[PDB]
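*Asks:* Need a 3D model of the sequence below.
(4 chains)
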Amino acid sequence: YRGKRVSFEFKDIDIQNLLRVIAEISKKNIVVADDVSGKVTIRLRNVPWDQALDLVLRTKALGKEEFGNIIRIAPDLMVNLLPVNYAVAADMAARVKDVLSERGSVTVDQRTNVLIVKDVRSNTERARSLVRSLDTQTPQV
Amino acid sequence: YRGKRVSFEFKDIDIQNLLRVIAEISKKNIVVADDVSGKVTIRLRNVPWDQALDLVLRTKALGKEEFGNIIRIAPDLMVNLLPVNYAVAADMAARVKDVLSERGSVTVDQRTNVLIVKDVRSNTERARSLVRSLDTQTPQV
Amino acid sequence: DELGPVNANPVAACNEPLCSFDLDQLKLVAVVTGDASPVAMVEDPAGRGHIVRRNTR
Amino acid sequence: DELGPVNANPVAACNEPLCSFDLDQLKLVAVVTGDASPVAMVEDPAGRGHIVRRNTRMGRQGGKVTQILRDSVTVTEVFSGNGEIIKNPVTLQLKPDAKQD
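*Replies:* Numbering: from 1, shown residues only, chains lettered A, B, ... in the order given. Have a look at this structure:
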């Protein structure tokens, strides 16, 4: 769960293809089962892959299990990184969980106090507006 | 989920026609199933299409799934963009959800803090009056 | 001997349709515009919808 | 005597597929990039997805992958220009709405 930064753009492609593509970029050797799912659409910018993966799982796709050398996977939206300069990322977690409800979309907390969201643009926009708005009362030091 | 801006005027037309028309404008290659629904009426101004689409779905019409190159769709009112200059769009969400109730109509939050409404003119008018009224206490800085 | 070869070739295509009907019979329903170029939507005297664009007939 | 030896040899491989189809028939779906090097994803006229990267090939003209952007993919193809075999430096864009004859 650490990698080079990437931009994932997938317009109506088999998750098996996204997976292989992700193995062809040295993001492990990835192998699915045979019939995992189908086709998905995502479009990410500035996301390390191992995350864009965790995030792909949550879209439609699978869960991942690693053997070590190989990993087995079994059965636009966009991603944007939000810097949080002023507040701690965990203090947002209550409010951010509360927008999601039983929706799709997710939020991932990276160690360097940045939030990452996959979702529809409309749920991304909401999550950014709240994260920045709460960040903004934290900049008045 | 990003496109050129458009005005959708559909007076009693098959959603399959609106779809094809929407593919003939390079808004993907769109293909339905065979018997999706029927005929609908909408009239939009200044709406990017990929939104006027999400909005068309909610009217009567379908949900969309994208393969990537092609998209499959399976089984006046107007649209107006509200700028929100002063407030955040998400703060309106509680009040705007509360007018809708179990009605038709919807609200979409774009990333650039603009609200977009499809509905009957009478529900659009209500939503605009509330969005502008709450925007107006926010301009007195 | 011709029915027992149970054979049908269904209709789903254009009939080549609007070039068989006169222009003043056709009514403009709507127009679509976006990155895929502008396209008109028009109604037959038979009540079909069509989609046509600049350079088409 | 041939069926009773109940024997099937299933299809799961590449057919060697895209070298049997022409390059202007193929549509760019997506691109992946990370530590494992950049890789393009492309769609057949038969609706299959493929994954190809710099130094690999696709298409009947043997279109060699030479660049990979986020929006587009430059390849070097093999055309018979007036009787000479020459290089054709095509760039396959991503798939939006589009039409040609």
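*Asks:* make it CA atoms for all contacts and neighbour counts henceforth
*Replies:* Will do.
*Asks:* how about the helices in chain A?
*Replies:* Taking DSSP state H as the criterion, chain A carries its helices at A:15-24, A:49-59, A:89-100, A:121-137.
*Asks:* Would you format the ones you listed as JSON lines with mean neighbour count included?
*Replies:* Below are these laid out as JSON lines (neighbours: other C-alpha atoms under 10 Å in any protein chain shown):
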{"stretch": "helix A:15-24", "mean neighbour count": "24"}
{"stretch": "helix A:49-59", "mean neighbour count": "20"}
{"stretch": "helix A:89-100", "mean neighbour count": "14"}
{"stretch": "helix A:121-137", "mean neighbour count": "19"}
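*Asks:* which residues does the residue most central in space within chain C bridge with?
*Replies:* Residue closest to the mean C-alpha point of chain C, counted by C-alpha atoms, centre = their mean, is residue C:50 at 4.4 Å. When bridges are assigned using DSSP bridges, the partners listed for residue C:50 are residue C:42.
*Asks:* contacting residues around the closest residue to chain C within chain A?
*Replies:* Using C-alpha to the nearest C-alpha, the point where chain A gets nearest to chain C is residue A:76, with a distance of 16.0 Å. By C-alpha atoms under 8 Å, 6 or more residues apart in numbering or on different chains, the contact set of residue A:76 is A:41-43, A:120-121, B:1-2.
*Asks:* Try it again at 10 Å.
*Replies:* Under the criterion of C-alpha atoms under 10 Å, 6 or more residues apart in numbering or on different chains, the neighbours of residue A:76 are A:9-11, A:41-44, A:119-121, B:1-2, B:50, B:66.
*Asks:* and chain D, which of the residues you listed contact it?
*Replies:* A:9-11, A:41-43 (C-alpha under 10 Å from any C-alpha of the partner chain).
*Asks:* would you list the residues you listed in a markdown table and tack on neighbour count and distance to residue C:1?
*Replies:* Supplementary listing: the ones next to chain D among the contacts of residue A:76 in a markdown table, determined by neighbours: other C-alpha atoms under 10 Å in any protein chain shown; distance: C-alpha to C-alpha, whole Å:
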| residue | neighbour count | distance to residue C:1 |
| --- | --- | --- |
| A:9 | 27 | 57 |
| A:10 | 28 | 53 |
| A:11 | 27 | 51 |
| A:41 | 24 | 52 |
| A:42 | 23 | 56 |
| A:43 | 21 | 58 |
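*Asks:* Quick check, residue A:19 in contact with residue A:32.
*Replies:* Yes: counting by C-alpha atoms under 10 Å, a contact exists between residue A:19 and residue A:32, whose distance comes to 7.7 Å.
*Asks:* what residues are shared contacts of the two?
*Replies:* If you check residue A:19 and residue A:32 against C-alpha under 10 Å, 6+ apart, the residues they both contact are residue A:73.
*Asks:* which one of the ones next to chain D among the contacts of residue A:76 sits closest to residue C:29?
*Replies:* Using C-alpha to C-alpha, residue A:11 comes nearest to residue C:29 of those, at 31.8 Å.
*Asks:* And that closest one, how close does it get to residue A:78?
*Replies:* 12 Å (C-alpha to C-alpha, to the nearest Å).
*Asks:* Mutual contacts of those two, please.
*Replies:* In the contact map built from C-alpha under 10 Å, 6+ apart, the residues linked to both residue A:11 and residue A:78 are A:41-43.
*Asks:* Redo the residues you listed as JSON lines? Include distance to chain C.
*Replies:* Listed next are the shared contacts of residue A:11 and residue A:78 as JSON lines, based on distance: C-alpha to the nearest C-alpha, whole Å:
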{"residue": "A:41", "distance to chain C": "20"}
{"residue": "A:42", "distance to chain C": "21"}
{"residue": "A:43", "distance to chain C": "19"}
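*Asks:* Among the residues you listed, name the ones in strands.
*Replies:* Restricting those to those inside strands, with DSSP state E as the criterion, leaves A:41-43.
*Asks:* wait, the residue nearest to the centre of chain C sits on residue C:42?
*Replies:* Yes: in this structure residue C:50 lies within contact range of residue C:42 using C-alpha under 10 Å: 5.3 Å.
*Asks:* Now the residue of chain C found nearest chain B: closest residue in space, sequence neighbours ignored.
*Replies:* Nearest residue of chain C to chain B (C-alpha to the nearest C-alpha) works out as residue C:36 at 2.4 Å. Counting by C-alpha to C-alpha, 6 or more residues apart in numbering or on different chains, the nearest residue to residue C:36 once its immediate chain neighbours are dropped is residue B:25, at 2.4 Å.
*Asks:* What residues does chain C have near chain D?
*Replies:* Taking C-alpha under 10 Å from any C-alpha, the part of chain C that reaches chain D is made up of C:34-37.
*Asks:* quick one: which of the residues you listed has the most company?
*Replies:* residue C:34 (25 neighbours; other C-alpha atoms under 10 Å in any protein chain shown).
*Asks:* distance of it from residue A:66?
*Replies:* In this structure, residue C:34 lies at 45 Å from residue A:66, with C-alpha to C-alpha as the measure.
*Asks:* same check, this time on residue C:45
*Replies:* As for residue C:45, its distance to residue A:66 is 64 Å (criterion: C-alpha to C-alpha).
*Asks:* Flag every residue of chain C that's near chain B.
*Replies:* Within chain C, the positions near chain B by C-alpha under 10 Å from any C-alpha are C:12, C:28-43, C:47-53.
*Asks:* can you tell me the residue of chain A closest to chain B?
*Replies:* residue A:12 (2.6 Å).
*Asks:* Not including adjacent chain positions, what is the nearest residue to that residue?
*Replies:* Once flanking residues are discounted, residue A:12 sits nearest to residue B:68: 2.6 Å by C-alpha to C-alpha, 6+ apart.
*Asks:* quick one: contacts for the one you found?
*Replies:* By C-alpha under 10 Å, 6+ apart, the contact list for residue B:68 reads A:9-14, A:39-42, B:28-29, D:27-30, D:42-43, D:49, D:94-96.
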